[PDB]
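**Student:** The structure is given below, and queries will be raised subsequently.
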Amino acid sequence: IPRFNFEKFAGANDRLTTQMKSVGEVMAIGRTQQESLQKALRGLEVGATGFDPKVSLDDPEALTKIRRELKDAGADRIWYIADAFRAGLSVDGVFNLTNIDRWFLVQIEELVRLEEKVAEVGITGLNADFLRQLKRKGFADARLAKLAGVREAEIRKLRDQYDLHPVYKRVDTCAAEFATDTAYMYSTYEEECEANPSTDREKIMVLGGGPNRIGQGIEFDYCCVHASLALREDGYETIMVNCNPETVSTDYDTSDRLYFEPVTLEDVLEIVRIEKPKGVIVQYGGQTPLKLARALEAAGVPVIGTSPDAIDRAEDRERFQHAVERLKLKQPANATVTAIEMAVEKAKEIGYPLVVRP
Amino acid sequence: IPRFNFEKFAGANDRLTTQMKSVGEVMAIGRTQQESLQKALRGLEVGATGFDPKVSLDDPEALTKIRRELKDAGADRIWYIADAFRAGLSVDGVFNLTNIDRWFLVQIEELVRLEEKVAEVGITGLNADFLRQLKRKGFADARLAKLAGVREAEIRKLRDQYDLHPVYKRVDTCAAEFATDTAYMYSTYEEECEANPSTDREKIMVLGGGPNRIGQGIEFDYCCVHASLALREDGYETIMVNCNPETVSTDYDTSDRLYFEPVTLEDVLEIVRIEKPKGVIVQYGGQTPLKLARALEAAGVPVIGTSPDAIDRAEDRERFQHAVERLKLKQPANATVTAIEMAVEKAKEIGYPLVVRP
Amino acid sequence: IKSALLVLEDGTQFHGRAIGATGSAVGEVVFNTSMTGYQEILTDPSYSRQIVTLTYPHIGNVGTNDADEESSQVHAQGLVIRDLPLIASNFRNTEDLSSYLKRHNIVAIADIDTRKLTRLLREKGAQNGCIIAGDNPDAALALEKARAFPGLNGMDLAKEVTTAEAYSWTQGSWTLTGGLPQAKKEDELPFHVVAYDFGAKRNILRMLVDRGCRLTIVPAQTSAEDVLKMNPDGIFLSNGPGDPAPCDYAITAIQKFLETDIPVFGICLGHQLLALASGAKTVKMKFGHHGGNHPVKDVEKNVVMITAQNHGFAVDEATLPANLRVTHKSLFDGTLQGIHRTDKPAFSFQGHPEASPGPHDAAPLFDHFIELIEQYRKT
Amino acid sequence: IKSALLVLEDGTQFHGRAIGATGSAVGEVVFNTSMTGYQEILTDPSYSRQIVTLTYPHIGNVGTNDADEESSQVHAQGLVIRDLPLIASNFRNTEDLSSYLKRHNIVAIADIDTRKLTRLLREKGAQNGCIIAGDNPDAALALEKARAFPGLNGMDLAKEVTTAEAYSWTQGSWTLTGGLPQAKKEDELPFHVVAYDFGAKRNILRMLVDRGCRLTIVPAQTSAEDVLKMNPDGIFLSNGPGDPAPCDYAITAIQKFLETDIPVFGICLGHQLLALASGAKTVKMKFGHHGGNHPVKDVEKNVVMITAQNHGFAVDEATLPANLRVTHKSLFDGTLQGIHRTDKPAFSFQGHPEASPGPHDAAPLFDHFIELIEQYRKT
Ligand SMILES: NCCC[C@H](N)C(=O)O
Ligand SMILES: NCCC[C@H](N)C(=O)O
Ligand SMILES: [Cl-]
Ligand SMILES: [K+]
Ligand SMILES: [K+]
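Protein chains in written order, with the numbering used here: chain A, 1312 to 1669; chain B, 1312 to 1669; chain C, 289 to 667; chain D, 289 to 667.
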């Protein structure tokens, strides 16, 4: 799935055409196209958990906007396609506007219908059999959680309860015709697990930054790669977690073990679950792994290096402002404003010109 | 089907609710739901030929108006349903907004698809088989003409060509379990014809006005009934053509033969075809039969009384005026005007106040 | 294009569309005016060897469901309709008509002028026919099958549809709220009625169970001796297909029951055997009665009941032994609809008190049987 | 729940969903890596008595079509897949997969870990298994049926799938443009090739024709005696199921042709026979070769071809008679892939030059044959 950054070029024509406009891409592997597709959506670093809604059901103009987005594809097409089905448009209807093969269309309609059920049955309705069916089709714990009106963690717990965990298949070039000595794996909900983790070494996991985006480029991947090269050389068993098909990080040669997965709490927690690593590095892949830091810790992940809290201290404007203060360092004068006139007054205090952020 | 008159009540809320707002109703009989419904649409006297489109397919906002029309019914809902299917909406889509049982919905979608086929193949694709199938579904020659881009007469001519005519079934209260001496008929495209028209008597056909509407009320039905009564008494075999369920005109007792049909050129010609009446009366049913005069006459119909042409001389603003001047009578000063500035002057001539008919 | 074709003895042909299984069907052709209840109708054993035509155009609007089956299978030999709707649309549906039919291996045709056919049947009477569904239906072939069909007059079909071995019945009527109930316990029902299965309809049994009767359904050919040995509280004569006349073993057994004082009650076929068993004669109707709007008069009370009918044969009222009294007549044609033994605790009814598709107007006929029993017991 | 279950000899079970006929299926369980061409694989006689597992998850994406059938029926015992798509989406589809299955009354299961299966068969070699598809599939039963299975070793399957009568074939190959062509006129074809029907694939025949060959298909047990009478321009040995070993008549016959100067050429089974008829020995492969991405080298030319493979038994390189020269070898396992008679105009190929689902790489193998013919004619 391509990765766009249209929000950084507002004046730009954001319709997809023959001239590339994407700044990156993500890839996912699934035993099924549905599973494959959803895994990519949640690994895109756009805040999707899958087919998150773009329009409101009760919006009277919705069909009109959906229609538009379908006929003239933009970076958001995918989501609109799902909204079309929630809005009552048929597969044939959608095909006609998009020219996307029905073969794919039907599959997305089925994910919609499935979601509607999750929304109707709620959490009570999430029995093992059904939950499994949902996982098998690539639904993220997070997507489910929203439909069920619960916390992502709740779905995750429910999964634990049921012993509903993905297994790992390996990439081999031959559809299992021949054995493999490489540890290039992907998650899926099936029977046999091919992870066969080692009890032998002290493992170090490196978290990738997912698809590239403006501001989150190759520089991070570069770091990731080095982390792996160095520690593996040092004697550790290096585990890389990433889904950018364009990188060196995602080369099986780059590490001892490669988990070609979405860099998400869910997906990461699962690997850890079975890997039981010695430490995890969340500081080298950009914003992506950074945002997971706290959460991971919370869940018991053995996060190495600068602490999630330490990171927050730096990231939190307020938290920061205090260490500075304490340190007796110099910062430009600031102020957090709520209201318009509040700012206009508070501004006289700070003095123009000003840097207004939201 | 109810008949509304919202156009005469400009500032009135036109959404349908629990307080009635219709002024009349039409009824239809068909061997199947589709045929029955289509027959009803074409006899509604609202200018429809079946499911004529309300919004343009190229209209980008169309899905918005459609949605609205479905969710909050107006008198035109029935037509927006079809437009919704033409627009890519699904049966469930439509269900959800209208609460109209899918049992009914699917049949409408079905006709939409058939319409799409007619539009695609055109007249050339209207083979005997296909054409028969369409008639059996209630399609009006006039609707088929619209879809194939031809004149209704061509569809007609083509039917005649294939000896493709309807048969008449009779009402009997018992699903034909018992014989009937009554002649209360309806057309359909089936095998056996129960018409069994007489050779014996002199026939006079009386044309009703369809549903009641403001300006076209009971008053016309009364005249129609009177003509039947009077002539039947007189020794003529009276034949009544009408489709308003509320009237005496549609009471089997009122005439010798009752054709409970749409008061259309199509329907009426089919009857004339087998009845070979002595005369047809078109001046008693109001505007409906009146508008058919010329076409009937043109098609060989023995229209009795004041000629379609004479009627036209009076109804025709110019024809009339001539006669008036010819009789040296007194009319009010008038003028036709095309323009918006033209008027202002002609106005000046005529003298205020003015009557402005558009 | 799935062709199907119906050909009558008379050579009349009806060209339409296959909606059920492929193959051929041969039987007597009938028409049923029931605007509702097609499943029930199809599952009615009385229809064995008959090709059923429905007068109501849309057949299958509400799909089908188990609760709506009046026997273990579809007894109808074939189905003839005008329109098979696009979809089934009912909360109760579990399978669309077509599938159901396909499942039951029933040859069925749609899209024909059922009115023309009804009119023909009404006017010229019953006719045997053949339905051929398949690629290239052979008309001449169908004519032959229809022609070669032996006919139902004098055809014992109760023996063909009856239960192999006797069995117990203790399940009650269905309800909207709970569906079909759970079978009662033998100790939950006061009476013991032995129901001869001449091709019994589930509803009759259920309705009896409704009145406190534990049943024992016995094969049609079951001996009266064998029956008495059971010391029944009531004997019930079920409904069923074919001619009742050639069912010697039922008339005889019944005659036996009539020597006794045990309460006997018959419905439809049971009504005819009862009559035969009483010395009455039966005749086969011109086209019979098949529908759910048939007005029957309770001559005694002078009241009308709208009924559910399904019979091709009738009891001749002018050959009625004096021990037989007239209780109900058809308001449509005057044909005998009910009789009562003057001398004994036995009576029957031509129509269907259990209905199953149809009005519940005749259900009280059931109550009379109940009294009889209660009185028998007292003695 | 429309349950399906597959059990292996080893008692390993895979519980999925039924997607074809209701019933049971027993055979040798194999795996095919072919990403496209499922219908052609299905209709491959060679698959007789075999339960076909497809490694590529989505099976059915393009539906089915007549043109894509390699035989008159479906030879596969059963079908095991990971996922059956909601729809078929291809302009050439005439029926969805499930439908096709049920039609060919094929037991098929979906939704199982096919990968788990493949790695099992690869690791532990082929296994006989059973698929049961119905309401309540009896695991115990399945295992039982699977274990009871004779096995394909020493199983002449050739005889079972061969034509009853001989017959002519003059139909050429399919084109995107004119689909399947009209069979040619005899005069139209220069050569006359006699083809022993060992369970022959339609493509082989079409491809031969394409090279001006009028054919005469013959049953498996036809006598060389009978055959030679025909004055054949060339003799061809088709592919086919089971063991070739036990095909005595075949072997015998061939040896007979091996005395003559007639150009002979075999494919797959026909390849093993020739070998056997030459003094070679055949072996049953651990799990064999089924796929369409198999690299095979023309040892002579030192060129690689990607090929379509379908065989569970091979010709042992080490036991080859001197009169037999190696021509092709597999790049995956180096197993024997082609042989040529040093002393005669006879040769064969283990893979499928005609492919049919698969790469057109081995096509020229046909050419050599032609050349031989033309050369034999000159004489
Ligand atoms: N996947 C874990 C070990 C892999 C092993 N060599 C195999 O291919 O079976
Ligand atoms: N359709 C003409 C009426 C003739 C007749 N009494 C009948 O009901 O058949
Ligand atoms: Cl108002
Ligand atoms: K027809
Ligand atoms: K499974």
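Built from N, CA and C at the ideal position, the CB exists for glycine as well.
1) At what residue ranges does the stretch 519-557 of chain D contain a whole run of the beta strand (DSSP E), taking only runs of 3 or more?
2) Please report how far the alpha carbon of residue 523 of chain C lies from the alpha carbon of residue 323 of chain C, in whole angstroms.
3) Quick check: the Cα distance between residue 1639 of chain A and residue 1656 of chain A, rounded to an integer number of angstroms?
4) Just to check, is the beta-carbon of residue 1505 of chain A closer than 7 Å to a non-hydrogen atom of ligand 1?
5) Enumerate in chain order the residues of its own chain whose CB-to-CB distance from residue 650 of chain C is below 8 Å, with the five nearest sequence positions on each side excluded.
6) Would residue 380 of chain C pass as an interface residue toward chain B - the criterion being a Cβ-Cβ separation below 8 Å?
7) Please go through the same chain and pick out, in chain order, the residues whose beta-carbon is closer than 8 Å to the beta-carbon of residue 1423 of chain A, but skip the five residues on each side of it.
8) Using beta-carbon positions only, say whether residue 347 of chain D and residue 374 of chain D come within less than 8 Å of one another.
9) Cβ atoms of residue 351 of chain D and residue 384 of chain D: under 8 Å apart, would you say?
10) What residues in the stretch 1457-1490 of chain B bring their beta carbon closer than 8 Å to a beta carbon of chain C?
11) Quick one, which residues of the stretch 1640-1661 of chain B are near chain A if we go by CB-CB under 7 Å, in chain order?
12) Taking the straight line between their C-alpha atoms, what separation do you get for residue 1530 of chain B and residue 1559 of chain B?
13) For the stretch 298-342 of chain C, list the beta strand (DSSP E) runs that are entirely contained and at least 3 residues long, ordered along the chain.
14) Got a sec? Which residues, its chain only, sit under 7 Å from residue 1405 of chain A by beta carbon, not counting five neighbours each side?
15) Classify residue 1537 of chain A as buried or exposed, calling it buried when 16 or more other Cβ atoms lie within 10 Å of its own Cβ.
16) Check for me: the beta strand (DSSP E) holding residue 395 of chain C runs from which residue to which?
17) For ligand 3, which residues count as neighbours when the test is a C-beta closer than 7 Å to any heavy atom?
18) For ligand 5, which residues have a Cβ under 6 Å from at least one heavy atom, in chain order?
19) Out of curiosity, what's the CA-to-CA distance linking residue 369 of chain C and residue 343 of chain C?
20) Going by the beta-carbon positions, is the gap between residue 622 of chain D and residue 600 of chain D smaller than 8 Å?
21) Assuming the contact rule is C-beta atoms closer than 8 Å, residue 1591 of chain A and residue 1613 of chain A should be a hit. Round their C-beta distance to whole Å, please.
22) If I follow the unbroken beta strand (DSSP E) through residue 1600 of chain A, where does it start and stop?
23) So residue 365 of chain C and residue 309 of chain C are supposed to be a Cβ contact under 8 Å. How far apart are they, rounded?
24) Is residue 1290 of chain B helix, strand or coil by DSSP?
25) Please confirm if residue 1337 of chain A has its CB atom under 8 Å from at least one CB of chain D.
26) Please report the distance separating the alpha-carbon of residue 1554 of chain A from that of residue 493 of chain D.
27) Which term fits residue 1439 of chain B, buried or exposed, when burial requires 16 or more other beta carbons within 10 angstroms of its beta carbon?
28) By the criterion of Cβ-Cβ separation under 8 Å, what are the contact partners of residue 1413 of chain A in chain D?
29) Taking all protein chains shown into account, do 16 or more other C-beta atoms lie within 10 angstroms of the C-beta of residue 1384 of chain B, making it buried, or fewer, making it exposed?
30) Spell out a yes or no on whether the stretch 566-573 of chain C and the stretch 601-610 of chain C are touching, meaning 3 or more CB-CB pairs, one atom from each, closer than 8 Å.
31) Please name the residue, chosen from D/487, D/630, D/319 and D/349, that lies closest to residue 535 of chain D on a Cα-to-Cα basis.
32) Counting only C-beta atoms, is residue 1517 of chain A closer than 8 Å to chain D at any point?
33) Please compile the residues from chain D whose C-beta is within a distance smaller than 9 Å of the C-beta of residue 1417 of chain A.
34) Between D/581, D/498, D/484 and D/506, which has its C-alpha nearest residue 553 of chain D's C-alpha?
35) Please tell me whether, using a cut-off of 7 Å, the distance from the CB of residue 1512 of chain B to the nearest non-hydrogen atom of ligand 2 is below it.
36) In three-state terms, what does DSSP make of residue 581 of chain C?
**Tutor:** In brief:
1) DSSP runs (the beta strand (DSSP E)) wholly in the stretch 519-557 of chain D: 522-525 and 552-555.
2) The count along the third sequence starts at 1 and reaches residue 523 of chain C at position 235. The count along the third sequence starts at 1 and reaches residue 323 of chain C at position 35. Answer to the nearest angstrom: the Cα atoms are 33 Å apart.
3) As a first step, residue 1639 of chain A is located in the first sequence; it is residue number 328 there, counting from the start. As a first step, residue 1656 of chain A is located in the first sequence; it is residue number 345 there, counting from the start. Looking at the two C-alpha atoms, the distance is approximately 26 Å.
4) In the first sequence, residue 1505 of chain A corresponds to position 194, counting from 1. At least one heavy atom of ligand 1 is nearer than 7 Å to the Cβ of residue 1505 of chain A, so yes.
5) Taking the first residue of the third sequence as 1, we reach residue 650 of chain C at position 362. Excluding residues within five positions, the ones whose Cβ falls inside 8 Å are 584, 593, 595, 596, 637, 639, 640, 641 and 643.
6) Taking the first residue of the third sequence as 1, we reach residue 380 of chain C at position 92. It does not; no Cβ of chain B falls within 8 Å.
7) The count along the first sequence starts at 1 and reaches residue 1423 of chain A at position 112. Sequence-distant partners of residue 1423 of chain A (beyond 5 residues in either direction) whose C-beta falls short of 8 Å from its own C-beta, in its chain, are 1362, 1393, 1396 and 1397.
8) The residue you call residue 347 of chain D lines up with position 59 of the fourth sequence. The residue you call residue 374 of chain D lines up with position 86 of the fourth sequence. Their beta carbons are not under 8 Å apart, which means residue 347 of chain D does not touch residue 374 of chain D by this criterion.
9) One-based indexing of the fourth sequence puts residue 384 of chain D at position 96. One-based indexing of the fourth sequence puts residue 351 of chain D at position 63. Yes, these two residues count as a Cβ contact at 8 Å.
10) Per Cβ criterion, the list reads 1480, 1485, 1486, 1487, 1488, 1489 and 1490.
11) Answer set for the stretch 1640-1661 of chain B: empty.
12) For the purposes of this step, residue 1530 of chain B is identified with residue 219 of the second sequence, where counting begins at 1. For the purposes of this step, residue 1559 of chain B is identified with residue 248 of the second sequence, where counting begins at 1. The alpha-carbon atoms of residue 1530 of chain B and residue 1559 of chain B are separated by roughly 12 Å.
13) Counting whole runs of 3 or more residues, the stretch 298-342 of chain C contains the beta strand (DSSP E) stretches 301-306, 311-320 and 338-342.
14) Locating residue 1405 of chain A in the first sequence gives position 94, where the first residue counts as 1. If we look at residue 1405 of chain A and ignore the five residues flanking it on each side, its Cβ neighbours are 1381, 1392, 1395 and 1416.
15) Taking the first residue of the first sequence as position 1, residue 1537 of chain A is located at position 226. Counting Cβ neighbours within 10 Å, residue 1537 of chain A comes out exposed, since fewer than 16 surround it.
16) Position 107 of the third sequence, counting from 1, holds the residue named residue 395 of chain C. From DSSP, the beta strand (DSSP E) with residue 395 of chain C extends over 395-398.
17) Cβ-based neighbours of ligand 3 within the cut-off: B/1322, B/1323 and B/1324.
18) This criterion selects D/303, D/304, D/399 and D/400.
19) What you label residue 369 of chain C is simply residue 81 of the third sequence in a count that begins at 1. What you label residue 343 of chain C is simply residue 55 of the third sequence in a count that begins at 1. Within the model, the alpha-carbon separation for residue 369 of chain C versus residue 343 of chain C is close to 7 Å.
20) Taking the first residue of the fourth sequence as 1, we reach residue 622 of chain D at position 334. Taking the first residue of the fourth sequence as 1, we reach residue 600 of chain D at position 312. The Cβ atoms of residue 622 of chain D and residue 600 of chain D do not sit closer than 8 Å to each other.
21) Here residue 1591 of chain A refers to the residue found at position 280 when the first sequence is read from its first residue. Here residue 1613 of chain A refers to the residue found at position 302 when the first sequence is read from its first residue. That belief holds up - the Cβ atoms of residue 1591 of chain A and residue 1613 of chain A are roughly 6 Å apart, short of 8 Å.
22) The residue you call residue 1600 of chain A lines up with position 289 of the first sequence. Boundaries for residue 1600 of chain A: no beta strand (DSSP E) harbours it, while the alpha helix (DSSP H) harbouring it runs 1598-1609, taken from the DSSP string.
23) Stepping through the third sequence from its first residue, residue 365 of chain C is reached at position 77. Stepping through the third sequence from its first residue, residue 309 of chain C is reached at position 21. Between residue 309 of chain C and residue 365 of chain C the Cβ distance is about 12 Å, and since that is not below 8 Å, they are no contact.
24) Because chain B is modelled from 1312 through 1669, residue 1290 of chain B falls outside the range shown and cannot be assessed.
25) Here residue 1337 of chain A corresponds to residue number 26 of the first sequence, with the count starting at 1. Taking Cβ atoms only, chain D never reaches closer than 8 Å to residue 1337 of chain A, which makes this a no.
26) Here the question's residue 1554 of chain A lines up with position 243 in the first sequence. Here the question's residue 493 of chain D lines up with position 205 in the fourth sequence. Residue 1554 of chain A and residue 493 of chain D have their C-alpha atoms some 48 Å from each other.
27) Walking along the second sequence from the start, residue 1439 of chain B turns up at place 128. Counting Cβ neighbours within 10 Å, residue 1439 of chain B comes out exposed, since fewer than 16 surround it.
28) As a working mapping, residue 1413 of chain A is identified with position 102 in the first sequence. Ordered by position in chain D, the residues that pass the 8 Å Cβ test against residue 1413 of chain A are 375 and 377.
29) Numbered from its first residue, the second sequence carries residue 1384 of chain B at position 73. The residue in question, residue 1384 of chain B, is buried, as its Cβ has 16 or more Cβ neighbours within 10 Å.
30) Note that the stretch 566-573 of chain C touches the stretch 601-610 of chain C; at least 3 beta-carbon pairs, one per stretch, sit closer than 8 Å.
31) To locate residue 535 of chain D, count along the fourth sequence from 1; it is residue 247. Cα-wise, what sits closest to residue 535 of chain D is D/487.
32) As a working mapping, residue 1517 of chain A is identified with position 206 in the first sequence. Residue 1517 of chain A has a beta carbon lying at 8 Å or more from every beta carbon in chain D.
33) As a working note, residue 1417 of chain A is residue 106 in the first sequence. Ordered by position in chain D, the residues that pass the 9 Å Cβ test against residue 1417 of chain A are 373, 374, 375 and 377.
34) Locating residue 553 of chain D in the fourth sequence gives position 265, where the first residue counts as 1. Selected option, being the one with the closest Cα: D/484.
35) Position 201 of the second sequence, counted from the start, is the residue given in the question as residue 1512 of chain B. Incorrect: residue 1512 of chain B has no Cβ contact closer than 7 Å to ligand 2.
36) For the purposes of this step, residue 581 of chain C is identified with residue 293 of the third sequence, where counting begins at 1. Residue 581 of chain C: strand per DSSP, three-state reduction.
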